[PDB]
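1. Structure of the sequence below:
(3 chains)
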Amino acid sequence: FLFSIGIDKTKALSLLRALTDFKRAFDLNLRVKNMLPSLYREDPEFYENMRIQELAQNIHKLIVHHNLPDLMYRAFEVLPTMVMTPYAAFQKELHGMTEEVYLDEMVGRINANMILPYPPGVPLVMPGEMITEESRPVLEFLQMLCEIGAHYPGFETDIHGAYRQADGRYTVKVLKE
Amino acid sequence: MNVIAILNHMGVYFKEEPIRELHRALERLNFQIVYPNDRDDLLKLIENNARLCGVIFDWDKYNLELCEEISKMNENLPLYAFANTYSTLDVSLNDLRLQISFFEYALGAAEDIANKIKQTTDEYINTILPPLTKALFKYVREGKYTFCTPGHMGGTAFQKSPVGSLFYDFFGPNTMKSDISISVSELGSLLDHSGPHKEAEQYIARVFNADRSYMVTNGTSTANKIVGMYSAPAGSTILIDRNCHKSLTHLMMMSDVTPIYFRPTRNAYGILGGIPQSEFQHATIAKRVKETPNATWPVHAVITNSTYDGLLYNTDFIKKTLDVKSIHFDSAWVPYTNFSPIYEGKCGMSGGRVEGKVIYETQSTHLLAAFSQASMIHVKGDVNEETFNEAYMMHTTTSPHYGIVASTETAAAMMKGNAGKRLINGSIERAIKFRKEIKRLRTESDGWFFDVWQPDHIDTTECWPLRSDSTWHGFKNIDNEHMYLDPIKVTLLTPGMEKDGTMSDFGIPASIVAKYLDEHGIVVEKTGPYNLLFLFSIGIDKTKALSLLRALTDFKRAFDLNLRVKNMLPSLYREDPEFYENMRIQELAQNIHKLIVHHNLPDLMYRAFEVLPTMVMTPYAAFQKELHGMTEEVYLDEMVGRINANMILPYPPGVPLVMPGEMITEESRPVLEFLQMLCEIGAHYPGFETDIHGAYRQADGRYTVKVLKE
Amino acid sequence: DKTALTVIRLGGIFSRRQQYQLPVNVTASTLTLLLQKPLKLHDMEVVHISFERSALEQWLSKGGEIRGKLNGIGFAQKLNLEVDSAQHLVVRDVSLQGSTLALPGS
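-> Residues are numbered from 1 along each chain as shown, chains lettered A, B, ... in the order given. For reference, the structure is listed below:
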């Protein structure tokens, strides 16, 4: 929260009160139907009987189980291998020499686009870089994100540079051979 | 939007009293009632006032006299029809498509009828407004996000500050609140082309007859670079109109490309003519590829269609003839071609795809009405969407202005449909009227007057063809059925040159007419040595036409009295009282004209631009040296035999004279002679200085240019 | 049934919903494709259709019309072919009856 010159007594009270109201409403375990009506309308049947604490538990259990923080930490602690520079790869693109491959097939291939996953919102693979064995945790984090994020409507995976085909598989752009 | 017209006394209480009750009920519901004096006044009110939003009338008294007349003006306008004995559903009505609600005259009905009319008006309003702007207004009304940025918080910080209050006080809350970020996620996304943004693209793409349309918010300067960088690979050769925009030079410096130039023709006046048909034909291009050092077959061509002075190409011929895979019509001057049939076969988008080629128009929306920087890229053919979209996203502003985007969308909303068709039709009609008005005043006055530069008769309403058998245009050996004059672009001629391009003894340089109009706040669209241009837009009304027309007769009157510069040009006088104390307007004109006559300016200017400096290295090659800081200055006099570092852009005539990497030699000595001549002719009168971009006037009065170091 | 044929979606920036063959899985210059439901095409029953892989590529990208020799033999006949929602290739007969295409066994 940023305390700007905008923020007055009315806004501070509304925020402060809104925070105590979240706790109050959470602890009563209100139905998602009642506490999150707009979310409910997205899938009435999916959300009909779910209570706010159950939504929290299920997503948290996923995080706990998939050990998300450790996997995320490790994905960004090593660097993919720079096979060519981003500029060098762009020369190939300038001539239209790109194809798509599936995410599963990307080890040993030269990436054409930046791959920017959310979370944590910073570049993972640059154009011209390649996942190897030295940098396998990169691919493992990516596959893990696709799995953990496939469970709840409204909590989808989000990786820029990967293209979700209408069939639910992911592709990436690579340099042609 | 609250003016309701009522048109009537009927002679019976059973009709008059309910209308009284309804008048009063409607006034209480916040409608302003207006009362046209008669049927014709009502039609003029509607015709001139878009804020009139409903008409109440007796069905029998008026339906056969009004219904069709109103439907011709506006087919959504609410009509509230009151019935009598004979009022009913006659078979004659069955076939008309009308928006009609039938109501009876009754006391106490206004509350419910008003609520229905309100709802029905909102339904009509909701249909016509574009959905993104509609959603934006709804947010401003309902939303409650506090503890938020922007830091100014809907302009709040401006109000506690007299200095900030000056900016806020003028614009106000709504303007301040419409500056929003992606935090308002329900408006979709420009970058994904989703939601109301898609709806806009389809709307535009369908309206403008394109396969695909992008909304660009940094002008055609930016549209060119998005198309350019996608289109012009390194090491390739491009065909480029020597008549090119600077932003394409900036592209050449950034991309390793070799230019071969399409060569326009030019006449003695200096008016550009079209690239002849020969320049597009395979045999001609092949020959230049042979003659150009390191040239290969061109991968990208850029043609300016139309030319400024209204010469349009047979684009059917070009698309069929030019053997280049990628053709970009920079069509900044012809954004309106889809809306008059007179432009069929004469614009980029006309017809269907061109098999085997991508065709572009880039257009400067801001000869229409739109905010500055608004530009469109219209694509006719396929691109690599992922690489094109990456190219777009790389060159997108840091913080897009949410109004600019709506201003381009609302500019279309204004011009849409019939009423926007009738507006442009009206301007064409008045253009021809004014053209004949100048001819009238030419007759009425004794002695010299303005003339119009046009055909002898204009019995036809079209873009008049320029023909080789006609002398009025002054171009030599012109192609026939090639160029056409846009009626709405009116060029006027001032005394000073003959119909030959030869010089008169008596002249009034147009620059002096500009100074006069400038004292009176009237701007001349475009001026040349002896020419002035006026655009008859949808802005221009009877008051402005009279003020201009009268201002022109006042110039003549004041000129012929030979008023003192002191009296006719007081602001100019204040610049040098002593210099101007005794000078009269005719003497100022004589002296400057005599300079032009003596220095033979038109011949020297013509010749400077008819040869080309020698390309020693490419602009890109010279920029590599600049990139390392390897530039020095030399004086203008010392420039023959040196490699120029900067573009040299002189005024007049306002087009590039020397490029980076070019060198003046003996073959191109007239270049230097013109430049030295400009420095001399322009050193005489305060306020009439020389102006050459790329040359630097040192505090001592000498000129320098930047060159490559040895 | 052992096989189908799942055409991989290709993104990027293009006017159509472009499609792509399997990278190297299928690289046969002319590959034959069997059909789960044999159909009556050109007055004969057909169990397999052979395509020039090159011609199948450009049709998966640009669309248009595509020929294929019925039961591997004879002339390359025009075909009512479409990309399925399940990402398969479906051939239709004059009754508009569909059939999924599969790549042959090891």
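2. who's in contact with the helix or strand hosting residue A:64?
-> Assigned by DSSP states H and E, residue A:64 belongs to helix A:52-65. Outside helix A:52-65, the residues that touch it by C-beta atoms under 8 Å, 6 or more residues apart in numbering or on different chains are A:25-26, A:29-32, A:35-36, A:68-69, A:148, A:151-152, A:155. Quick note: C-beta positions are derived from backbone N, CA and C, even for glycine.
3. can you do 6 Å?
-> A:26, A:29-30, A:35, A:148 (C-beta atoms under 6 Å, 6 or more residues apart in numbering or on different chains).
4. contacting residues for the most far-flung residue of chain C relative to its centre?
-> Most distant residue from the mean C-alpha position of chain C: residue C:13, 24.3 Å away (C-alpha atoms, centre = their mean). Listed by C-beta under 6 Å, 6+ apart, the contact partners of residue C:13 are B:383-386, B:388-389.
5. Including neighbour count, could those residues go into JSON lines?
-> JSON lines is the format used below for the contacts of residue C:13 (neighbours: other C-beta atoms under 10 Å in any protein chain shown):
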{"residue": "B:383", "neighbour count": "21"}
{"residue": "B:384", "neighbour count": "16"}
{"residue": "B:385", "neighbour count": "17"}
{"residue": "B:386", "neighbour count": "20"}
{"residue": "B:388", "neighbour count": "22"}
{"residue": "B:389", "neighbour count": "18"}
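6. of all those residues, which comes closest to chain C?
-> residue B:385 (1.7 Å; C-beta to the nearest C-beta).
7. Okay, angle between the helix or strand harbouring residue A:25 and helix A:52-65 too, please.
-> Per DSSP H and E: residue A:25 is located in helix A:9-27. Between helix A:9-27 and helix A:52-65, the angle comes out at 80 degrees (axes from the mean of the first three to the mean of the last three C-alpha atoms, to 10 degrees).
8. Name the next helix or strand downstream of helix A:9-27, please.
-> Using DSSP H and E, the helix or strand that follows helix A:9-27 towards the C-terminus is helix A:32-35.
9. Helices along chain A, start to end?
-> Along chain A, the segments classed as helices by DSSP state H run A:9-27, A:32-35, A:37-42, A:44-47, A:52-65, A:68-75, A:86-94, A:136-148.
10. looking at these, which is closest to residue C:8?
-> Nearest of the helices of chain A to residue C:8, taken as C-beta to C-beta: helix A:136-148 at 16.1 Å.
11. So which other helices or strands are in contact with the closest one?
-> helix A:68-75 (3 or more C-beta pairs under 6 Å, 6 or more residues apart in numbering or on different chains; DSSP states H and E).
12. coming back round to it: relative to chain A, how far out is the residue farthest from the centre of chain C?
-> Per C-beta to the nearest C-beta, to the nearest Å, residue C:13 is found 11 Å from chain A.
13. Show me what stretch A:100-118 is in contact with.
-> So stretch A:100-118 is contacted by A:83, A:98, A:123-127, A:129-131, A:158-162, A:170-175, C:10 (C-beta under 6 Å, 6+ apart).
14. again, but for stretch C:77-92
-> Counting by C-beta under 6 Å, 6+ apart, A:167, C:4-7, C:19, C:42, C:66-68, C:70, C:98-101 sit against stretch C:77-92.
15. Which one (most neighbours) among these?
-> Most neighbours among these, by other C-beta atoms under 10 Å in any protein chain shown: residue C:68, with 25 neighbours.
16. tell me the contacts of that one?
-> C:49, C:51, C:79.
17. want to throw the contacts of helix A:52-65 into JSON lines with distance to residue C:84?
-> Compiled in JSON lines, the contacts of helix A:52-65 are given as follows (distance: C-beta to C-beta, whole Å):
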{"residue": "A:26", "distance to residue C:84": "46"}
{"residue": "A:29", "distance to residue C:84": "45"}
{"residue": "A:30", "distance to residue C:84": "44"}
{"residue": "A:35", "distance to residue C:84": "41"}
{"residue": "A:148", "distance to residue C:84": "30"}
